[PDB]
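See structure below.
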Amino acid sequence: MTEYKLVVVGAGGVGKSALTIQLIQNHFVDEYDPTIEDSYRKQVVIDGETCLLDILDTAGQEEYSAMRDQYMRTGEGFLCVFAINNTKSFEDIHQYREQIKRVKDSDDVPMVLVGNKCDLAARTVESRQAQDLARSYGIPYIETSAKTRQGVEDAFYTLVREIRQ
Amino acid sequence: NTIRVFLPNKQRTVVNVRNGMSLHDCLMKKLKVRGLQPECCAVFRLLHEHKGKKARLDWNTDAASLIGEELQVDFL
Ligand SMILES: Nc1nc2c(ncn2[C@@H]2O[C@H](COP(=O)(O)OP(=O)(O)O)[C@@H](O)[C@H]2O)c(=O)[nH]1
Ligand SMILES: [Mg+2]
């Protein structure tokens with residue numbers, strides 16, 4: 001079966017690991033454990049194809065940059081995640097997308113913009129702001145809650161679908 | 001101040017080590033999210049001082065006495 005190598009990047013604390021765990025184990029991780037690096041492997045079925053998701057969960061910006069710098073030329077697909085209640089993490093997206101465009105070689109790399117924590121009521125990034133960003137990158141935007149699971153499969157399966165294109 | 005543990009199946013975790021903790025304590029959360037079982041596995045310390053060779057751990061062995069090296073975990 002086909003393997004899909006997905007990488008999850010974004011500011012510290014936005015929910016990269018909780019989205020991943022929630023995808024992996026169906027469990028919401030309510031504790032905050034900052035990541036240095038974690039990779040998971042999971043057998044799933046997406047649109048009728050049994051496949052392997054290899055997911056590289058990366059370090060927020062706590063800190064830990066000097067780690068994923070080819071581990072990025074290995075990724076086939078990137079989830080760039082910010083939290084809807086953390087303006088600064090939305091503003092950080094650009095740096096990640098530039099890191100990604102650098103470490104591969106194209107401005108069409110399979111990618112999805114995920115605004116996480118959409119269960120919170122303290123929104124400071126509007127849907128519209130994120131849609132504009134994603135439109136300018138040429139990629140989809142999807143809102144997610146690792147807590148409630150809204151959008152979490154959509155987000156990963158969409159990234160898979162971008163990769164199959 | 002940490003631990004770089006290779007898991008079963010091609011899975012990496014790195015672990016921040018605080019104190020009191022065995023390898024069971026610092027790792028049991030790592031395995032159980034990955035659907036895996038602590039007393040189903042063995043953990044070992046890696047020395048390529050012989051070229052790629054493994055040093056065995058008790059699960060109640062310290063965290064601290066590792067705080068700069070490399071481990072990998074394998075079904076017992
Ligand atoms: N309410 C809410 N909290 C979340 C969500 N995702 C993550 N969190 C919490 O935010 C903190 C950061 O989560 P984590 O996945 O470690 O962030 P990461 O550093 O980007 O991997 C943890 O307490 C998570 O429980 C979400 O969708 N909704
Ligand atoms: Mg994390």
Side-chain angles (χ1 to χ4, degrees), chain A residues 1-12 14-29 35-61 64-65 67-83 89 92-93 95-116 134 137-146 149-165, chain B residues 6-14 30 33-35:
Chain A
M1 33 134 166
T2 304
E3 123 173 32
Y4 297 99
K5 278 208 138 192
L6 316 184
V7 181
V8 194
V9 301
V14 295
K16 302 184 285 321
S17 317
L19 257 3
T20 305
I21 293 342
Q22 180 73 239
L23 185 69
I24 271 359
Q25 172 52 245
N26 254 277
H27 164 263
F28 178 64
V29 172
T35 301
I36 292 110
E37 59 154 333
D38 276 72
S39 85
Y40 301 86
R41 292 254 283 187
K42 201 193 186 159
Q43 173 162 9
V44 292
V45 7
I46 304 174
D47 306 308
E49 179 184 35
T50 301
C51 52
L52 199 45
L53 263 27
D54 210 313
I55 308 171
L56 205 237
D57 178 15
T58 59
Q61 27 63 215
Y64 275 137
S65 36
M67 162 267 296
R68 18 74 177 197
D69 267 346
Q70 200 215 55
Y71 320 102
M72 205 116 318
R73 195 35 204 117
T74 42
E76 298 170 304
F78 304 73
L79 228 46
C80 308
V81 176
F82 71 89
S89 76
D92 289 342
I93 289 296
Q95 276 153 304
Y96 299 101
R97 204 233 177 16
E98 298 306 284
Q99 186 65 35
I100 293 153
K101 309 213 316 275
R102 192 175 40 53
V103 198
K104 306 204 90 83
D105 224 26
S106 132
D107 75 326
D108 217 308
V109 182
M111 182 161 289
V112 164
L113 183 65
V114 162
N116 185 57
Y137 292 161
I139 68 189
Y141 165 58
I142 298 187
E143 279 194 358
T144 252
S145 178
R149 235 181 186 255
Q150 178 192 312
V152 172
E153 308 184 325
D154 308 28
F156 282 95
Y157 284 20
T158 292
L159 211 203
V160 168
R161 277 156 190 151
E162 290 289 294
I163 291 153
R164 293 156 173 175
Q165 302 176 235
Chain B
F6 271 49
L7 286 171
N9 298 127
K10 278 108 79 167
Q11 299 168 116
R12 339 224 131 0
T13 174
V14 200
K30 288 326 182 158
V33 275
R34 261 90 158 169

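In what follows, chains are A, B, ... by sequence order, proteins preceding strands, each numbered from 1. FYI, side chains are in, hydrogens and waters are out, and symmetry mates aren't considered; it's all heavy atoms of this structure.
The heavy-atom pair separating A/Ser89 from A/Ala83 by the smallest distance is OG-N, 3.0 Å. Residues A/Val29 and A/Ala18 come closest through the heavy atom pair O-CB, 4.3 Å. What you find for A/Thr35 and A/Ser17 is that their closest heavy atoms are OG1-OG, 2.6 Å. A/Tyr64 approaches A/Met67 most closely through the heavy-atom pair O-CB, 3.2 Å.
A heavy-atom distance below 4.5 Å is not found between the side chains of A/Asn116 and A/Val14. A 4.5 Å side-chain heavy-atom check between A/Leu79 and A/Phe156 finds at least one atom pair inside the cut-off. Annotation: side chain of A/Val7 is not in contact with side chain of A/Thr74 (no heavy-atom distance under 4.5 Å). Using a 4.5 Å heavy-atom cutoff, the side chains of A/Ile24 and B/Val33 are not in contact. Inter-residue side-chain proximity for A/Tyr71 and A/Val103 is flagged as unmet; no heavy-atom pair is nearer than 4.5 Å. Looking only at side-chain heavy atoms (C-beta outward), A/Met111 and A/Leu113 stay at 4.5 Å or farther from each other.
With hydrogens and angles disregarded, no donor-acceptor distance shorter than 3.5 Å links the side chain of A/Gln61 to the backbone of A/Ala11. Under a 3.5 Å cut-off, the side chain of A/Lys16 and the backbone N or O of A/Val8 do not form any donor-acceptor pair. Judged by distance alone, the side chain of A/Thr144 and the main-chain N or O of A/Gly151 form a donor-acceptor pair under 3.5 Å. A/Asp38 contributes no side-chain N or O that, together with a main-chain N or O of A/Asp57, makes up a donor-acceptor pair within less than 3.5 Å.
Judged by the 6.0 Å and 45° rule, A/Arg149 forms no cation-pi pair with A/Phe28.
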Problem set entry | A/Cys80/A/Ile100 under side chain to side chain contact (heavy atoms under 4.5 Å, CB included): CA gap, chis, key distance, verdict | CA-CA 10 Å; A/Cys80 308; A/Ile100 293 153; 3.8 Å; yes

For this session: For B/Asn9 and B/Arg34, run side chain to side chain contact (heavy atoms under 4.5 Å, CB included): C-alpha distance rounded to whole Å, both residues' side-chain angles, the deciding distance at 0.1 Å, then the answer.
Result: CA-CA 10 Å; B/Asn9 298 127; B/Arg34 261 90 158 169; over 6 Å; no

For this session: Check the pair A/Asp92 / A/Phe82 against side chain to side chain contact (heavy atoms under 4.5 Å, CB included), numbers first and verdict last.
Result: CA-CA 8 Å; A/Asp92 289 342; A/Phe82 71 89; over 6 Å; no

Problem set entry | Verdict with reasoning, A/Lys5 to A/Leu56, per side chain to side chain contact (heavy atoms under 4.5 Å, CB included) | CA-CA 8 Å; A/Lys5 278 208 138 192; A/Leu56 205 237; over 6 Å; no

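Between the CD atom in A/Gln150 and the CD1 atom in A/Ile142 there is a gap of 11.0 Å [rounded to 0.5 Å]. Atom-to-atom distance recorded for A/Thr158:OG1 and A/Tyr141:OH is 13.5 Å, nearest 0.5 angstrom. Here CZ of B/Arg12 is found 13.5 Å from NZ of B/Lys30. Values are rounded to the nearest 0.5 Å.
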Would you give me the side-chain donor-acceptor pairs under 3.5 Å for residues 43-54 of chain A, sequence neighbours excluded?
from: A/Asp47; atom 1: OD1; to: A/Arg161; atom 2: NH2; distance (Å): 2.7
from: A/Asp47; atom 1: OD2; to: A/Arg161; atom 2: NE; distance (Å): 2.6
from: A/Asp47; atom 1: OD2; to: A/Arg161; atom 2: NH2; distance (Å): 2.9
from: A/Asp47; atom 1: OD2; to: A/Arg164; atom 2: NH1; distance (Å): 3.0
from: A/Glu49; atom 1: OE1; to: A/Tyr4; atom 2: OH; distance (Å): 2.5
from: A/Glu49; atom 1: OE1; to: A/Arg164; atom 2: NE; distance (Å): 3.4
from: A/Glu49; atom 1: OE1; to: A/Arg164; atom 2: NH2; distance (Å): 2.8
from: A/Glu49; atom 1: OE2; to: A/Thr2; atom 2: OG1; distance (Å): 3.3
from: A/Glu49; atom 1: OE2; to: A/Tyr4; atom 2: OH; distance (Å): 3.3
from: A/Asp54; atom 1: OD2; to: A/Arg41; atom 2: NH1; distance (Å): 3.2

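For the side chain to side chain donor-acceptor pair (under 3.5 Å) condition, the pairs that include at least one residue of residues 102-114 of chain A, sequence neighbours left out, are A/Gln99-A/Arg102.
Residues passing the salt bridge (charged side-chain N to carboxylate O under 4.0 Å, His left out) test with A/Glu162, sequence neighbours excluded: none.
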